[PDB]
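K.L.:
Below is a structure I'd like to ask you about.
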Amino acid sequence: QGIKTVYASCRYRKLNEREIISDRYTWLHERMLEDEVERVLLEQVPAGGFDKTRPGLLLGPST
Amino acid sequence: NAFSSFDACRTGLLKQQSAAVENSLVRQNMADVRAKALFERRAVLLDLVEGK
């Protein structure tokens, strides 16, 4: 049991390291996909940017 | 075939919002005018009132 436990301790240490790095790589993959989507979206912004002073859609009179 | 229905519901909501704004403005203005008229009527009635 002691021999098996030593081997298992080593294996579990390596496995913890690998699992952490793998989860962080998955996180990075998702974030890079989001960044690509954002880079494609920024092309649809009109020249000069958005007019953040007025509403985009005026949906009623102001008398 | 689905974007058509989506756009229809969308434009419906937009029209609802516009109509709501317009109707609220009209109703508000009518109420305010009526209140002003009542105030003037009260003014003349106070000028006519009598007693001490």
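Letters A, B, ... go to the chains of the structure tokens in the order shown; residues in each chain start at 1; ligands are counted from 1 in the same order.
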Under the rule of at most 9 Å, produce a per-residue listing of chain B near chain A: chain, number, name, the closest pair of atoms, and the distance in Å, as CSV, using only C-alpha atoms.
P.N.:
residue,atom,partner,partner_atom,distance
B:14,CA,A:59,CA,6.9
B:15,CA,A:59,CA,7.8
B:17,CA,A:59,CA,6.6
B:18,CA,A:60,CA,4.6
B:19,CA,A:60,CA,7.4
B:20,CA,A:60,CA,8.3
B:21,CA,A:60,CA,5.7
B:22,CA,A:60,CA,6.5
B:25,CA,A:63,CA,8.0
K.L.:
As a PyMOL selection string, please: every residue in chain A that DSSP puts in alpha helix (DSSP H).
P.N.:
chain A and resi 2-41
K.L.:
Take the residues from that selection and write them out as a compact mmCIF listing (two decimals), in the first residue's frame, keeping C-alpha atoms.
P.N.:
# COMPACT_ATOMS: atom_id res chain seq x y z
CA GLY A 2 2.84 2.42 0.74
CA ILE A 3 4.47 1.83 -2.64
CA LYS A 4 1.14 2.33 -4.39
CA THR A 5 0.55 5.48 -2.34
CA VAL A 6 3.92 6.99 -3.28
CA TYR A 7 3.30 6.32 -6.96
CA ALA A 8 -0.22 7.75 -6.67
CA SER A 9 1.05 10.89 -4.96
CA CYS A 10 3.47 11.56 -7.81
CA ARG A 11 0.81 10.83 -10.44
CA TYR A 12 -1.74 13.05 -8.69
CA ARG A 13 0.71 15.95 -8.51
CA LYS A 14 1.41 15.72 -12.24
CA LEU A 15 -2.31 15.36 -12.95
CA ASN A 16 -3.22 18.43 -10.90
CA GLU A 17 -0.67 20.49 -12.82
CA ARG A 18 -1.97 19.24 -16.17
CA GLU A 19 -5.61 19.81 -15.20
CA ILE A 20 -4.98 23.41 -14.14
CA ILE A 21 -3.09 24.20 -17.33
CA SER A 22 -5.76 22.52 -19.47
CA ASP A 23 -8.61 24.47 -17.89
CA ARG A 24 -6.71 27.71 -18.39
CA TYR A 25 -6.06 26.83 -22.04
CA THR A 26 -9.79 26.21 -22.52
CA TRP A 27 -10.53 29.58 -20.93
CA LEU A 28 -8.04 31.23 -23.29
CA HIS A 29 -9.58 29.51 -26.32
CA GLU A 30 -13.04 30.83 -25.47
CA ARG A 31 -11.72 34.34 -24.83
CA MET A 32 -9.87 34.36 -28.15
CA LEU A 33 -13.05 33.33 -29.95
CA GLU A 34 -14.83 36.22 -28.25
CA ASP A 35 -12.04 38.56 -29.35
CA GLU A 36 -12.41 37.40 -32.96
CA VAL A 37 -16.16 38.01 -32.82
CA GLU A 38 -15.55 41.49 -31.42
CA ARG A 39 -12.98 42.28 -34.11
CA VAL A 40 -15.54 41.33 -36.75
CA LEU A 41 -18.27 43.36 -35.04
